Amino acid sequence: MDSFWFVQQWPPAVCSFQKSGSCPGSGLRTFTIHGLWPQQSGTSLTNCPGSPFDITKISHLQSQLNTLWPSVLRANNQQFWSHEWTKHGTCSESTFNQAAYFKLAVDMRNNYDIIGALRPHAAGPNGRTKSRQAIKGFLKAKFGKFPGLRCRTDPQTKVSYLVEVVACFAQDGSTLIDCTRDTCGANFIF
């Protein structure tokens, strides 16, 4: 691997695409963790052979994880953590055991407060249009490097909404680096 994609999701937006059934994210008002994805040559490394998920290894982080890494789609958080470990976390296990991997995600979330970085510049979420350049610029100014924005288009209205924000890190998992990929157009709703 040569880097990490620390992916945070905006719960309400993610759930807005679930036009049927329940979705706990419809009631959250802060960015939460989707995953910490090891990267290599511009691609996400997935399903690397590794240790099976073991909840006991992160028993000391259950408060932080239930708060910062809840499943916004369903009510089983541990299942979500297990899936993220098996599909992504195992790919960085050569240097980060399970305990250190989840602790890394927790620390990253606590040190990358997206709303806190936007609020002062009148860029916080208000259901209205935002500029891709403006949002990335505010985050760059606050954190020092460009984030990767992720948008999704409503199949009905074709309106584009910001759904995730990626913070790119070097292989050391602490040094931020510029992201180089956005799935957002020049403008979107946030």
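So that there is no doubt, residue numbering starts at 1 and follows the sequence shown.
* **Of 28-36 and 127-135, the one with larger mean CA B-factor** => According to the PDB entry, the answer is 127-135.
* To do: Compare the mean C-alpha B-factor of 181-189 with that of 2-10 as given in the PDB entry, and name the stretch with the higher value.
  => Averaged over C-alpha atoms, the B-factors run higher in 181-189.
* Asked: Against its chain's modelled residues, does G42's Cα B factor rank lowest, middle or highest third?
  -> Highest third of the chain for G42's C-alpha B-factor.
* If you rank every modelled residue in this chain by C-alpha B factor, which third holds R150: lowest, middle or highest? -> According to the entry, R150 has a C-alpha B-factor in the chain's lowest third.
* Asked: Hey, what third does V159 fall into on Cα B-factor, ranked over its chain?
  -> According to the entry, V159 has a C-alpha B-factor in the chain's highest third.
* To do: Comparing against every modelled residue in the chain, figure out the third that the C-alpha B-factor of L118 lands in (lowest, middle or highest).
  => It falls in the middle third of the chain.
* What third of the chain, by the recorded C-alpha B-factor, contains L61? -> Within its chain, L61 is a middle-third residue by C-alpha B-factor, going by the deposited values.
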